[PDB]
$ cat input-v1.cif   # mmCIF, C-alpha atoms
data_upload
loop_
_atom_site.group_PDB
_atom_site.id
_atom_site.type_symbol
_atom_site.label_atom_id
_atom_site.label_comp_id
_atom_site.auth_asym_id
_atom_site.auth_seq_id
_atom_site.Cartn_x
_atom_site.Cartn_y
_atom_site.Cartn_z
ATOM 1 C CA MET A 6 -12.412 -43.598 -47.532
ATOM 2 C CA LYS A 7 -11.425 -44.926 -44.087
ATOM 3 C CA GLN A 8 -8.161 -42.995 -44.590
ATOM 4 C CA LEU A 9 -10.176 -39.799 -45.165
ATOM 5 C CA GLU A 10 -12.523 -40.665 -42.278
ATOM 6 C CA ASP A 11 -9.553 -40.810 -39.872
ATOM 7 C CA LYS A 12 -8.028 -37.564 -41.189
ATOM 8 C CA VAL A 13 -11.342 -35.832 -40.443
ATOM 9 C CA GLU A 14 -11.274 -37.286 -36.912
ATOM 10 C CA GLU A 15 -7.688 -36.005 -36.494
ATOM 11 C CA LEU A 16 -8.746 -32.532 -37.686
ATOM 12 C CA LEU A 17 -11.680 -32.483 -35.287
ATOM 13 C CA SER A 18 -9.492 -33.063 -32.236
ATOM 14 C CA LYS A 19 -6.910 -30.552 -33.479
ATOM 15 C CA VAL A 20 -9.586 -27.908 -34.080
ATOM 16 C CA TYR A 21 -11.047 -28.649 -30.637
ATOM 17 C CA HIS A 22 -7.632 -28.167 -29.033
ATOM 18 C CA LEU A 23 -7.126 -24.909 -30.908
ATOM 19 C CA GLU A 24 -10.558 -23.681 -29.810
ATOM 20 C CA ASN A 25 -9.578 -24.279 -26.185
ATOM 21 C CA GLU A 26 -6.147 -22.692 -26.561
ATOM 22 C CA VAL A 27 -7.590 -19.584 -28.262
ATOM 23 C CA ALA A 28 -10.312 -19.240 -25.596
ATOM 24 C CA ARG A 29 -7.628 -19.252 -22.933
ATOM 25 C CA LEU A 30 -5.654 -16.594 -24.792
ATOM 26 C CA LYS A 31 -8.837 -14.535 -25.143
ATOM 27 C CA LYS A 32 -9.342 -14.648 -21.352
ATOM 28 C CA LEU A 33 -5.670 -14.097 -20.577
ATOM 29 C CA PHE A 34 -5.390 -11.136 -22.959
ATOM 30 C CA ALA A 35 -8.302 -9.493 -21.100
ATOM 31 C CA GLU A 36 -6.019 -9.044 -18.066
ATOM 32 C CA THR A 37 -3.028 -7.638 -20.059
ATOM 33 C CA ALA A 38 -2.059 -3.962 -20.168
ATOM 34 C CA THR A 39 -1.786 -1.847 -23.333
ATOM 35 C CA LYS A 40 1.328 0.105 -24.322
ATOM 36 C CA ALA A 41 -0.767 3.301 -24.426
ATOM 37 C CA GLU A 42 -2.206 3.061 -20.897
ATOM 38 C CA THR A 43 0.965 1.821 -19.139
ATOM 39 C CA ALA A 44 4.191 3.669 -18.385
ATOM 40 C CA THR A 45 7.666 2.469 -19.422
ATOM 41 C CA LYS A 46 10.550 1.816 -17.028
ATOM 42 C CA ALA A 47 12.638 4.446 -18.832
ATOM 43 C CA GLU A 48 10.129 7.303 -18.464
ATOM 44 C CA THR A 49 8.981 6.593 -14.863
ATOM 45 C CA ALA A 50 10.536 7.463 -11.531
ATOM 46 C CA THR A 51 10.999 4.504 -9.196
ATOM 47 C CA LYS A 52 10.594 4.471 -5.423
ATOM 48 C CA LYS A 53 14.417 4.229 -5.372
ATOM 49 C CA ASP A 54 14.673 7.577 -7.228
ATOM 50 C CA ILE A 55 12.420 9.297 -4.646
ATOM 51 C CA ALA A 56 13.987 7.611 -1.596
ATOM 52 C CA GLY A 57 15.995 10.799 -1.014
ATOM 53 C CA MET A 58 13.105 13.158 -1.804
ATOM 54 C CA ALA A 59 12.693 16.344 0.225
ATOM 55 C CA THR A 60 9.214 16.976 1.616
ATOM 56 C CA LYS A 61 7.365 20.287 1.824
ATOM 57 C CA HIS A 62 7.481 19.845 5.605
ATOM 58 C CA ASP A 63 11.264 19.587 5.679
ATOM 59 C CA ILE A 64 11.245 22.906 3.858
ATOM 60 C CA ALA A 65 8.565 24.255 6.195
ATOM 61 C CA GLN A 66 10.836 23.273 9.128
ATOM 62 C CA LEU A 67 13.646 25.334 7.520
ATOM 63 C CA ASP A 68 11.305 28.264 6.718
ATOM 64 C CA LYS A 69 10.260 28.317 10.368
ATOM 65 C CA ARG A 70 13.893 28.540 11.525
ATOM 66 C CA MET A 71 14.744 31.114 8.871
ATOM 67 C CA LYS A 72 11.858 33.319 10.069
ATOM 68 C CA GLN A 73 13.084 33.000 13.642
ATOM 69 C CA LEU A 74 16.589 34.069 12.627
ATOM 70 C CA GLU A 75 15.152 36.900 10.509
ATOM 71 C CA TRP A 76 13.281 38.138 13.560
ATOM 72 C CA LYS A 77 16.335 37.882 15.812
ATOM 73 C CA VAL A 78 18.469 39.717 13.245
ATOM 74 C CA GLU A 79 15.938 42.576 13.051
ATOM 75 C CA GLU A 80 15.954 42.885 16.844
ATOM 76 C CA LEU A 81 19.752 42.937 16.854
ATOM 77 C CA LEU A 82 19.852 45.696 14.240
ATOM 78 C CA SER A 83 17.537 47.691 16.449
ATOM 79 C CA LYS A 84 19.630 47.046 19.572
ATOM 80 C CA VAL A 85 22.914 47.864 17.824
ATOM 81 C CA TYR A 86 21.686 51.116 16.293
ATOM 82 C CA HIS A 87 20.510 52.251 19.706
ATOM 83 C CA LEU A 88 23.848 51.361 21.284
ATOM 84 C CA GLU A 89 25.723 53.322 18.620
ATOM 85 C CA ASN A 90 23.709 56.421 19.522
ATOM 86 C CA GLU A 91 24.095 55.766 23.226
ATOM 87 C CA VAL A 92 27.894 55.464 22.897
ATOM 88 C CA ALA A 93 28.049 58.510 20.595
ATOM 89 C CA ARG A 94 26.048 60.446 23.199
ATOM 90 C CA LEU A 95 28.519 59.326 25.875
ATOM 91 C CA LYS A 96 31.485 60.605 23.832
ATOM 92 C CA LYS A 97 30.047 64.169 23.487
ATOM 93 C CA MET B 6 -20.306 -39.934 -47.377
ATOM 94 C CA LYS B 7 -22.859 -37.148 -46.806
ATOM 95 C CA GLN B 8 -22.022 -37.488 -43.086
ATOM 96 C CA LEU B 9 -18.343 -36.899 -43.895
ATOM 97 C CA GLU B 10 -19.252 -34.099 -46.345
ATOM 98 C CA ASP B 11 -21.050 -32.212 -43.548
ATOM 99 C CA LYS B 12 -18.218 -32.747 -41.028
ATOM 100 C CA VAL B 13 -15.845 -31.141 -43.539
ATOM 101 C CA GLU B 14 -18.237 -28.191 -43.877
ATOM 102 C CA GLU B 15 -18.337 -27.879 -40.062
ATOM 103 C CA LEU B 16 -14.516 -27.923 -39.917
ATOM 104 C CA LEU B 17 -14.279 -25.252 -42.603
ATOM 105 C CA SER B 18 -16.389 -22.780 -40.645
ATOM 106 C CA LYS B 19 -14.563 -23.599 -37.418
ATOM 107 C CA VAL B 20 -11.154 -23.117 -39.059
ATOM 108 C CA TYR B 21 -12.379 -19.839 -40.589
ATOM 109 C CA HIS B 22 -13.492 -18.623 -37.176
ATOM 110 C CA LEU B 23 -10.171 -19.612 -35.627
ATOM 111 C CA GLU B 24 -8.257 -17.802 -38.360
ATOM 112 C CA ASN B 25 -10.211 -14.629 -37.544
ATOM 113 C CA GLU B 26 -9.846 -15.104 -33.793
ATOM 114 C CA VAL B 27 -6.076 -15.600 -34.030
ATOM 115 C CA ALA B 28 -5.691 -12.593 -36.357
ATOM 116 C CA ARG B 29 -7.507 -10.442 -33.793
ATOM 117 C CA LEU B 30 -5.205 -11.690 -31.026
ATOM 118 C CA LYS B 31 -2.184 -10.996 -33.254
ATOM 119 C CA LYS B 32 -3.390 -7.411 -33.752
ATOM 120 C CA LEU B 33 -4.415 -6.925 -30.140
ATOM 121 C CA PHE B 34 -1.081 -8.250 -28.854
ATOM 122 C CA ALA B 35 0.707 -5.636 -30.987
ATOM 123 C CA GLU B 36 -0.707 -2.905 -28.697
ATOM 124 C CA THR B 37 0.141 -4.699 -25.401
ATOM 125 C CA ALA B 38 3.113 -3.832 -23.207
ATOM 126 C CA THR B 39 5.899 -6.255 -22.241
ATOM 127 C CA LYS B 40 6.981 -6.926 -18.648
ATOM 128 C CA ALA B 41 10.526 -5.849 -19.550
ATOM 129 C CA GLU B 42 9.653 -2.426 -20.997
ATOM 130 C CA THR B 43 6.978 -1.455 -18.440
ATOM 131 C CA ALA B 44 7.337 -0.524 -14.785
ATOM 132 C CA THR B 45 5.455 -2.290 -11.989
ATOM 133 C CA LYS B 46 3.112 -0.571 -9.518
ATOM 134 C CA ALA B 47 5.308 -1.755 -6.627
ATOM 135 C CA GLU B 48 8.559 -0.234 -7.943
ATOM 136 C CA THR B 49 7.158 3.110 -9.249
ATOM 137 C CA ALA B 50 6.385 6.346 -7.468
ATOM 138 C CA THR B 51 2.853 7.649 -7.979
ATOM 139 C CA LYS B 52 1.778 11.264 -8.339
ATOM 140 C CA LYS B 53 0.390 10.864 -4.806
ATOM 141 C CA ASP B 54 3.893 10.042 -3.491
ATOM 142 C CA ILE B 55 5.331 13.200 -5.089
ATOM 143 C CA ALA B 56 2.420 15.483 -4.124
ATOM 144 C CA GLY B 57 4.462 16.765 -1.173
ATOM 145 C CA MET B 58 7.751 17.002 -3.089
ATOM 146 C CA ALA B 59 10.134 19.924 -2.489
ATOM 147 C CA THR B 60 11.385 21.694 -5.612
ATOM 148 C CA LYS B 61 14.877 23.001 -6.328
ATOM 149 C CA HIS B 62 13.320 26.476 -6.501
ATOM 150 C CA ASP B 63 11.851 26.204 -2.982
ATOM 151 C CA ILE B 64 15.399 25.482 -1.878
ATOM 152 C CA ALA B 65 16.744 28.283 -4.068
ATOM 153 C CA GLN B 66 14.275 30.624 -2.322
ATOM 154 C CA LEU B 67 15.713 29.547 1.046
ATOM 155 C CA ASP B 68 19.310 29.865 -0.229
ATOM 156 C CA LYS B 69 18.511 33.446 -1.328
ATOM 157 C CA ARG B 70 17.229 34.317 2.149
ATOM 158 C CA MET B 71 20.140 32.565 3.829
ATOM 159 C CA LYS B 72 22.595 34.673 1.755
ATOM 160 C CA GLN B 73 20.760 37.848 2.770
ATOM 161 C CA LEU B 74 20.915 36.888 6.436
ATOM 162 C CA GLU B 75 24.578 35.950 6.067
ATOM 163 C CA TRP B 76 25.313 39.467 4.791
ATOM 164 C CA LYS B 77 23.323 41.124 7.604
ATOM 165 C CA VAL B 78 25.078 38.964 10.211
ATOM 166 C CA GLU B 79 28.491 39.986 8.858
ATOM 167 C CA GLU B 80 27.557 43.655 9.080
ATOM 168 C CA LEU B 81 26.370 43.137 12.646
ATOM 169 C CA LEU B 82 29.631 41.454 13.612
ATOM 170 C CA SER B 83 31.463 44.445 12.225
ATOM 171 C CA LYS B 84 29.217 46.911 14.109
ATOM 172 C CA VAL B 85 29.477 44.961 17.381
ATOM 173 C CA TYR B 86 33.294 44.564 17.256
ATOM 174 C CA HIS B 87 33.568 48.344 16.796
ATOM 175 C CA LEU B 88 31.227 49.036 19.714
ATOM 176 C CA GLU B 89 33.212 46.699 21.973
ATOM 177 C CA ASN B 90 36.344 48.737 21.271
ATOM 178 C CA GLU B 91 34.484 52.017 21.685
ATOM 179 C CA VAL B 92 33.073 50.915 25.080
ATOM 180 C CA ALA B 93 36.465 49.508 26.165
ATOM 181 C CA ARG B 94 38.060 52.850 25.246
ATOM 182 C CA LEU B 95 35.382 54.628 27.322
ATOM 183 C CA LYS B 96 36.121 52.479 30.399
ATOM 184 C CA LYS B 97 39.878 53.285 30.497
ATOM 185 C CA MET C 6 -14.370 -37.580 -53.418
ATOM 186 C CA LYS C 7 -11.179 -36.016 -54.817
ATOM 187 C CA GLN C 8 -12.854 -32.630 -54.195
ATOM 188 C CA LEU C 9 -13.364 -33.579 -50.536
ATOM 189 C CA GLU C 10 -9.850 -35.073 -50.363
ATOM 190 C CA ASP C 11 -8.340 -31.713 -51.403
ATOM 191 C CA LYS C 12 -10.447 -29.694 -48.945
ATOM 192 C CA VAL C 13 -9.160 -31.923 -46.149
ATOM 193 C CA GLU C 14 -5.598 -31.275 -47.334
ATOM 194 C CA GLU C 15 -6.278 -27.510 -47.314
ATOM 195 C CA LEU C 16 -7.656 -27.759 -43.758
ATOM 196 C CA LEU C 17 -4.620 -29.724 -42.590
ATOM 197 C CA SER C 18 -2.149 -27.032 -43.669
ATOM 198 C CA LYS C 19 -4.395 -24.304 -42.208
ATOM 199 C CA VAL C 20 -4.693 -26.132 -38.880
ATOM 200 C CA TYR C 21 -0.908 -26.656 -38.845
ATOM 201 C CA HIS C 22 -0.347 -22.941 -39.386
ATOM 202 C CA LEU C 23 -2.808 -22.069 -36.630
ATOM 203 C CA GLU C 24 -1.071 -24.473 -34.240
ATOM 204 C CA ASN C 25 2.200 -22.622 -34.843
ATOM 205 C CA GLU C 26 0.544 -19.188 -34.598
ATOM 206 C CA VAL C 27 -1.147 -20.063 -31.285
ATOM 207 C CA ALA C 28 2.094 -21.493 -29.835
ATOM 208 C CA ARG C 29 3.829 -18.212 -30.634
ATOM 209 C CA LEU C 30 1.042 -16.235 -28.948
ATOM 210 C CA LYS C 31 1.290 -18.528 -25.913
ATOM 211 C CA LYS C 32 5.017 -17.778 -25.649
ATOM 212 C CA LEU C 33 4.618 -14.088 -26.396
ATOM 213 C CA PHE C 34 1.870 -13.664 -23.820
ATOM 214 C CA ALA C 35 4.250 -15.064 -21.182
ATOM 215 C CA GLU C 36 6.382 -11.901 -21.473
ATOM 216 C CA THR C 37 3.430 -9.418 -21.432
ATOM 217 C CA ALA C 38 2.473 -7.368 -18.372
ATOM 218 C CA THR C 39 -0.883 -7.541 -16.561
ATOM 219 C CA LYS C 40 -3.052 -4.505 -15.784
ATOM 220 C CA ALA C 41 -2.891 -5.377 -12.079
ATOM 221 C CA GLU C 42 0.909 -5.512 -11.775
ATOM 222 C CA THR C 43 1.718 -2.509 -14.010
ATOM 223 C CA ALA C 44 1.199 1.170 -13.305
ATOM 224 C CA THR C 45 -0.768 3.525 -15.560
ATOM 225 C CA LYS C 46 0.627 6.699 -17.128
ATOM 226 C CA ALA C 47 -2.046 8.740 -15.324
ATOM 227 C CA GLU C 48 -1.180 7.506 -11.811
ATOM 228 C CA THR C 49 2.661 7.525 -12.118
ATOM 229 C CA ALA C 50 5.238 10.276 -11.774
ATOM 230 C CA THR C 51 7.657 10.557 -14.693
ATOM 231 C CA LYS C 52 11.354 11.367 -14.536
ATOM 232 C CA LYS C 53 10.340 14.768 -15.952
ATOM 233 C CA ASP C 54 8.122 15.392 -12.884
ATOM 234 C CA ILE C 55 11.035 14.652 -10.505
ATOM 235 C CA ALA C 56 13.680 16.515 -12.547
ATOM 236 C CA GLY C 57 13.302 19.445 -10.139
ATOM 237 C CA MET C 58 13.133 17.274 -7.008
ATOM 238 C CA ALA C 59 14.910 18.444 -3.861
ATOM 239 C CA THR C 60 17.154 15.873 -2.170
ATOM 240 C CA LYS C 61 17.605 15.249 1.554
ATOM 241 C CA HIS C 62 21.244 16.314 1.108
ATOM 242 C CA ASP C 63 20.246 19.697 -0.366
ATOM 243 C CA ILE C 64 18.226 20.165 2.790
ATOM 244 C CA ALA C 65 21.090 18.865 4.923
ATOM 245 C CA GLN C 66 23.340 21.463 3.285
ATOM 246 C CA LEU C 67 20.833 24.183 4.227
ATOM 247 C CA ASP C 68 20.457 22.803 7.771
ATOM 248 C CA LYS C 69 24.243 23.000 8.207
ATOM 249 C CA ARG C 70 24.282 26.653 7.128
ATOM 250 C CA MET C 71 21.242 27.491 9.212
ATOM 251 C CA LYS C 72 22.951 26.006 12.288
ATOM 252 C CA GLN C 73 26.092 28.099 11.646
ATOM 253 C CA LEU C 74 23.967 31.257 11.414
ATOM 254 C CA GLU C 75 21.967 30.241 14.489
ATOM 255 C CA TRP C 76 25.211 29.973 16.468
ATOM 256 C CA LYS C 77 26.478 33.338 15.240
ATOM 257 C CA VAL C 78 23.158 35.016 16.054
ATOM 258 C CA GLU C 79 23.196 33.596 19.599
ATOM 259 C CA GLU C 80 26.751 34.864 20.119
ATOM 260 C CA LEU C 81 25.681 38.302 18.893
ATOM 261 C CA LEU C 82 22.740 38.373 21.289
ATOM 262 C CA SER C 83 25.178 37.525 24.068
ATOM 263 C CA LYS C 84 27.641 40.231 22.996
ATOM 264 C CA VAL C 85 24.896 42.852 22.649
ATOM 265 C CA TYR C 86 23.287 42.112 26.038
ATOM 266 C CA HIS C 87 26.693 42.471 27.697
ATOM 267 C CA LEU C 88 27.318 45.782 25.929
ATOM 268 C CA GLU C 89 23.928 47.104 27.038
ATOM 269 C CA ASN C 90 24.869 46.429 30.661
ATOM 270 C CA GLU C 91 28.349 47.890 30.154
ATOM 271 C CA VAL C 92 26.899 51.087 28.635
ATOM 272 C CA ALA C 93 24.169 51.268 31.328
ATOM 273 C CA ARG C 94 26.902 50.947 33.952
ATOM 274 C CA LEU C 95 28.795 53.794 32.262
ATOM 275 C CA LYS C 96 25.711 56.064 32.362
ATOM 276 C CA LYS C 97 25.070 55.541 36.112
ATOM 277 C CA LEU C 98 28.662 55.706 37.434
#
$ encode --input "input-v1.cif" --output "structure tokens"
Amino acid sequence: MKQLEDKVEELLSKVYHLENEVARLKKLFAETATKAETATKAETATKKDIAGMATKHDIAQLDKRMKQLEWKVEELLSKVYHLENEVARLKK
Amino acid sequence: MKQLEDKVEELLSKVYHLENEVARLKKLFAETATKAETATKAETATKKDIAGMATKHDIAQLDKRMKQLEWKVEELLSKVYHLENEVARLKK
Amino acid sequence: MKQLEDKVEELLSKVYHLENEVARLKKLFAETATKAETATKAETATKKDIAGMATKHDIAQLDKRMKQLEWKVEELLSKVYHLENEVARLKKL
């Protein structure tokens, strides 16, 4: 009977330890992220991958310059056409 | 003996609870994501970071326009070279 | 008493199993990721989203070409201005 009495005492401590350990795990699991809600390394773009990313302002800077050239080229077409007539007129 | 009998009954319920609690944690852990497979907030680019991203079609749009200008500039070179000769011829 | 003796034996094995099961979970939790440190699917850009990303070298390539055109257009302006004076001069004298 004293053998059984001790066993019970051993079980009590063991159960008590388990209770504590499970409680911890309960708390700790609260802070963990689910597979559903989180994104994998394989399917996500790192900050490394976008280090050499072009902005919409870089492109805007180029658009600006393109427009300026486009405008200058139009003016030149106008000037050249006029000169062709002027030279033609001179030849007659 | 009735004291020990009750203790055993108390342990039984406690063990039963723990069994359930651990099973839950087993299940719940199944849906959690590992550190290895998931990507950290620090090393991943958010949708905010890529809000002002330039596309390859923005650039294609610019390339198109560049090619058009390139053609117009060639034509102009041709027209101007001819005019220079025509004017030179007129001066002699 | 032998009924109680057996119950205790049943509890011992069950406790022993639980001890092992909890230890595993302890270990396994060590390799799991926290909500704080990880990034959600909703707030992160996938490799799909950046498949059509423009580089800074693409842009550099365009800048190079733009500069070449810019130079040619300046030269043309110069050539045309000179011709206008030359033709004007021809019309007067």
$ resolve_selection --input "input-v1.cif" --expression "the PyMOL selection byres ((chain A and resi 86-89) around 9)" --output "ChimeraX atom specification"
/A:81-85,90-94 /B:84,88 /C:85,88-89,92
$ calpha_fit_and_write --input "input-v1.cif" --fixed "chain B" --moving "chain A" --output "compact mmCIF listing (two decimals) with C-alpha atoms, in the frame of the given file"
# COMPACT_ATOMS: atom_id res chain seq x y z
CA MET A 6 -20.24 -40.24 -46.92
CA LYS A 7 -22.81 -37.44 -46.49
CA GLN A 8 -22.03 -37.68 -42.75
CA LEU A 9 -18.33 -37.11 -43.51
CA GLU A 10 -19.19 -34.38 -46.04
CA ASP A 11 -21.05 -32.42 -43.32
CA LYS A 12 -18.27 -32.89 -40.75
CA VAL A 13 -15.84 -31.35 -43.25
CA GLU A 14 -18.24 -28.42 -43.73
CA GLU A 15 -18.43 -28.01 -39.92
CA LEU A 16 -14.61 -28.04 -39.69
CA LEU A 17 -14.31 -25.44 -42.44
CA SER A 18 -16.50 -22.92 -40.61
CA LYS A 19 -14.75 -23.64 -37.31
CA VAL A 20 -11.31 -23.18 -38.88
CA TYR A 21 -12.53 -19.97 -40.54
CA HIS A 22 -13.73 -18.65 -37.18
CA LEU A 23 -10.43 -19.54 -35.55
CA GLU A 24 -8.52 -17.80 -38.34
CA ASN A 25 -10.48 -14.62 -37.67
CA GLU A 26 -10.11 -14.86 -33.89
CA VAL A 27 -6.34 -15.44 -34.14
CA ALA A 28 -5.93 -12.53 -36.59
CA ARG A 29 -7.65 -10.27 -34.10
CA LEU A 30 -5.38 -11.47 -31.31
CA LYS A 31 -2.37 -10.89 -33.56
CA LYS A 32 -3.45 -7.27 -34.11
CA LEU A 33 -4.43 -6.73 -30.48
CA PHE A 34 -1.16 -8.18 -29.16
CA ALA A 35 0.71 -5.64 -31.33
CA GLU A 36 -0.58 -2.85 -29.06
CA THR A 37 0.28 -4.64 -25.75
CA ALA A 38 3.26 -3.78 -23.55
CA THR A 39 6.02 -6.22 -22.53
CA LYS A 40 7.01 -6.91 -18.92
CA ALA A 41 10.60 -5.87 -19.76
CA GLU A 42 9.79 -2.44 -21.22
CA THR A 43 7.08 -1.44 -18.70
CA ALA A 44 7.42 -0.51 -15.04
CA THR A 45 5.49 -2.19 -12.20
CA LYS A 46 3.21 -0.38 -9.74
CA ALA A 47 5.41 -1.55 -6.85
CA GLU A 48 8.68 -0.13 -8.20
CA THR A 49 7.34 3.21 -9.56
CA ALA A 50 6.57 6.48 -7.82
CA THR A 51 3.07 7.80 -8.44
CA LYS A 52 2.03 11.43 -8.87
CA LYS A 53 0.51 11.03 -5.37
CA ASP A 54 3.97 10.20 -3.94
CA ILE A 55 5.48 13.38 -5.47
CA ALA A 56 2.52 15.64 -4.62
CA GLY A 57 4.51 16.91 -1.63
CA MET A 58 7.82 17.13 -3.50
CA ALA A 59 10.18 20.02 -2.78
CA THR A 60 11.49 21.87 -5.83
CA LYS A 61 15.00 23.21 -6.41
CA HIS A 62 13.41 26.67 -6.48
CA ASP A 63 11.89 26.29 -3.03
CA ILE A 64 15.41 25.52 -1.87
CA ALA A 65 16.80 28.40 -3.93
CA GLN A 66 14.27 30.68 -2.17
CA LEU A 67 15.65 29.46 1.20
CA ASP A 68 19.29 29.78 0.04
CA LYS A 69 18.58 33.37 -0.95
CA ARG A 70 17.20 34.18 2.52
CA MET A 71 20.02 32.31 4.24
CA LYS A 72 22.59 34.37 2.30
CA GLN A 73 20.80 37.56 3.31
CA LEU A 74 20.89 36.55 6.98
CA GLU A 75 24.54 35.49 6.64
CA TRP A 76 25.34 38.94 5.30
CA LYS A 77 23.40 40.71 8.05
CA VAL A 78 25.10 38.58 10.71
CA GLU A 79 28.56 39.47 9.34
CA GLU A 80 27.67 43.17 9.44
CA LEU A 81 26.44 42.82 13.01
CA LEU A 82 29.66 41.11 14.09
CA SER A 83 31.54 44.02 12.61
CA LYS A 84 29.31 46.60 14.32
CA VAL A 85 29.47 44.85 17.69
CA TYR A 86 33.25 44.45 17.69
CA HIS A 87 33.61 48.14 16.96
CA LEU A 88 31.22 49.06 19.76
CA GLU A 89 33.15 46.90 22.23
CA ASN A 90 36.31 48.85 21.42
CA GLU A 91 34.47 52.15 21.52
CA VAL A 92 33.02 51.37 24.98
CA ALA A 93 36.39 50.04 26.21
CA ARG A 94 37.99 53.28 24.99
CA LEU A 95 35.35 55.26 26.89
CA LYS A 96 36.11 53.39 30.14
CA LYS A 97 39.88 54.23 30.04
$ atom_distance --input "input-v1.cif" --atom1 "CA of residue 19 (chain C)" --atom2 "CA of residue 35 (chain C)"
24.5 Å
$ atom_distance --input "input-v1.cif" --atom1 "CA of residue 46 (chain B)" --atom2 "CA of residue 48 (chain A)"
13.8 Å
$ closest_residue --input "input-v1.cif" --among "C:25, C:18, C:30, C:51" --to "chain A" --atoms "only C-alpha atoms"
C:51
$ resolve_selection --input "input-v1.cif" --expression "the PyMOL selection byres ((chain C) within 6 of (chain B))" --output "PyMOL selection string"
chain C and resi 36-38+42-44+48-50+57-59
$ atom_distance --input "input-v1.cif" --atom1 "CA of residue 80 (chain C)" --atom2 "CA of residue 93 (chain C)"
20.0 Å
$ closest_residue --input "input-v1.cif" --among "B:7, B:76, B:57, B:22" --to "chain A" --atoms "all atoms listed in the file"
B:57
$ build_atoms --input "input-v1.cif" --residues "region 39-51 of chain C" --atoms "N, CA, C and O atoms" --output "mmCIF file, in the frame of the given file"
data_model
loop_
_atom_site.group_PDB
_atom_site.id
_atom_site.type_symbol
_atom_site.label_atom_id
_atom_site.label_comp_id
_atom_site.auth_asym_id
_atom_site.auth_seq_id
_atom_site.Cartn_x
_atom_site.Cartn_y
_atom_site.Cartn_z
ATOM 1 N N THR C 39 0.534 -7.593 -16.931
ATOM 2 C CA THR C 39 -0.883 -7.541 -16.561
ATOM 3 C C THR C 39 -1.264 -6.131 -16.136
ATOM 4 O O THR C 39 -0.401 -5.349 -15.731
ATOM 5 N N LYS C 40 -2.555 -5.814 -16.217
ATOM 6 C CA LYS C 40 -3.052 -4.505 -15.784
ATOM 7 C C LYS C 40 -2.827 -4.318 -14.291
ATOM 8 O O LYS C 40 -2.468 -3.222 -13.841
ATOM 9 N N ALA C 41 -3.046 -5.392 -13.533
ATOM 10 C CA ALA C 41 -2.891 -5.377 -12.079
ATOM 11 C C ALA C 41 -1.487 -4.969 -11.655
ATOM 12 O O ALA C 41 -1.318 -4.015 -10.895
ATOM 13 N N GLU C 42 -0.491 -5.690 -12.171
ATOM 14 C CA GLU C 42 0.909 -5.512 -11.775
ATOM 15 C C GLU C 42 1.561 -4.226 -12.299
ATOM 16 O O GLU C 42 2.469 -3.701 -11.663
ATOM 17 N N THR C 43 1.117 -3.716 -13.443
ATOM 18 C CA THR C 43 1.718 -2.509 -14.010
ATOM 19 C C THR C 43 0.991 -1.251 -13.592
ATOM 20 O O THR C 43 -0.166 -1.297 -13.164
ATOM 21 N N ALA C 44 1.686 -0.128 -13.742
ATOM 22 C CA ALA C 44 1.199 1.170 -13.305
ATOM 23 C C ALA C 44 0.872 2.036 -14.510
ATOM 24 O O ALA C 44 1.651 2.097 -15.462
ATOM 25 N N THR C 45 -0.274 2.714 -14.448
ATOM 26 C CA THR C 45 -0.768 3.525 -15.560
ATOM 27 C C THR C 45 0.031 4.805 -15.707
ATOM 28 O O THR C 45 0.672 5.249 -14.758
ATOM 29 N N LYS C 46 -0.019 5.403 -16.893
ATOM 30 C CA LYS C 46 0.627 6.699 -17.128
ATOM 31 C C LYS C 46 0.018 7.796 -16.256
ATOM 32 O O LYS C 46 0.735 8.667 -15.749
ATOM 33 N N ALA C 47 -1.300 7.731 -16.078
ATOM 34 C CA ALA C 47 -2.046 8.740 -15.324
ATOM 35 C C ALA C 47 -1.674 8.778 -13.842
ATOM 36 O O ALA C 47 -1.584 9.856 -13.258
ATOM 37 N N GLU C 48 -1.454 7.608 -13.245
ATOM 38 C CA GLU C 48 -1.180 7.506 -11.811
ATOM 39 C C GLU C 48 0.308 7.491 -11.430
ATOM 40 O O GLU C 48 0.623 7.386 -10.250
ATOM 41 N N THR C 49 1.218 7.594 -12.403
ATOM 42 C CA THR C 49 2.661 7.525 -12.118
ATOM 43 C C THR C 49 3.411 8.802 -12.446
ATOM 44 O O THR C 49 3.129 9.469 -13.441
ATOM 45 N N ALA C 50 4.403 9.099 -11.614
ATOM 46 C CA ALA C 50 5.238 10.276 -11.774
ATOM 47 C C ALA C 50 6.418 9.963 -12.683
ATOM 48 O O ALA C 50 7.175 9.029 -12.428
ATOM 49 N N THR C 51 6.573 10.755 -13.739
ATOM 50 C CA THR C 51 7.657 10.557 -14.693
ATOM 51 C C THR C 51 8.966 11.122 -14.168
ATOM 52 O O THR C 51 8.994 11.829 -13.161
#
